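K.L.:
Starting off with a structure, shown below.
Chains as they are written, first to last, in our numbering: chain E, 1 to 49; chain A, 50 to 98.
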């Protein structure tokens with residue numbers, strides 16, 4: 001329930017299909033199997049609809 | 050020393066900046082930090098000059 005700036009993370013787990021990668025050189029990133037891309041923010045989809 | 054088609058892998062390590070991601074839902078894949086893309090093949094290109 002954002003007040004104008006939703007969080008970049010929610011502490012919760014990723015959606016089914018998203019993977020989190022963790023290392024010492026880069027820190028932590030996320031990969032999208034649906035689009036074969038990498039990002040640094042948490043993913044966002046309509047879990048209920 | 051290819052004599053037909055380049056192999057799937059040479060068992061060697063990855064270049065500085067690339068990463069390997071291991072899973073079970075997907076098995077194993079690789080990610081590029083230069084283009085933020087994901088692929089299932091081992092990377093390639095030059096290494097000296």
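We put the beta carbon where it would ideally sit given N, CA and C, even for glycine.
I want to see whether chain A comes within less than 8 Å of residue 37 of chain E, judged by CB atoms only; does it?
P.N.:
Reading the first chain from its first residue, position 37 is the one you call residue 37 of chain E. It does; some Cβ of chain A falls within 8 Å.
K.L.:
Okay, do the segment 41 to 49 of chain E and the segment 84 to 96 of chain A touch, 3+ Cβ pairs below 8 Å being the bar?
P.N.:
no
K.L.:
Of the choices A:98, A:81 and A:55, whose alpha-carbon is the least far from that of residue 66 of chain A?
P.N.:
Position 17 of the second chain, counted from the start, is the residue given in the question as residue 66 of chain A. Ranking A:98, A:81 and A:55 by Cα distance to residue 66 of chain A puts A:81 first.
K.L.:
So who's on the other strand from residue 20 of chain E, going by DSSP bridges?
P.N.:
Translated into the one-based positions of the first chain, residue 20 of chain E becomes position 20. According to DSSP, which records beta bridges pairwise, residue 20 of chain E is partnered with E:30.
K.L.:
Mind listing which residues of the segment 14 to 27 of chain E have their C-beta closer than 7 Å to chain A's C-betas, in chain order?
P.N.:
Going along the segment 14 to 27 of chain E in chain order, one finds 19, 21, 23 and 26 with a Cβ nearer than 7 Å to chain A.
K.L.:
Helix, strand or coil, according to DSSP, for residue 60 of chain A in the structure here?
P.N.:
Residue mapping note: residue 60 of chain A aligns to position 11 of the second chain, counting from 1. Three-state DSSP puts residue 60 of chain A in coil, outside helix and strand.
K.L.:
Quick check on the DSSP output: the beta strand (DSSP E) that includes residue 37 of chain E runs from which residue to which?
P.N.:
In the first chain, residue 37 of chain E corresponds to position 37, counting from 1. For residue 37 of chain E, the enclosing beta strand (DSSP E) has its first and last residue at 37 to 39.
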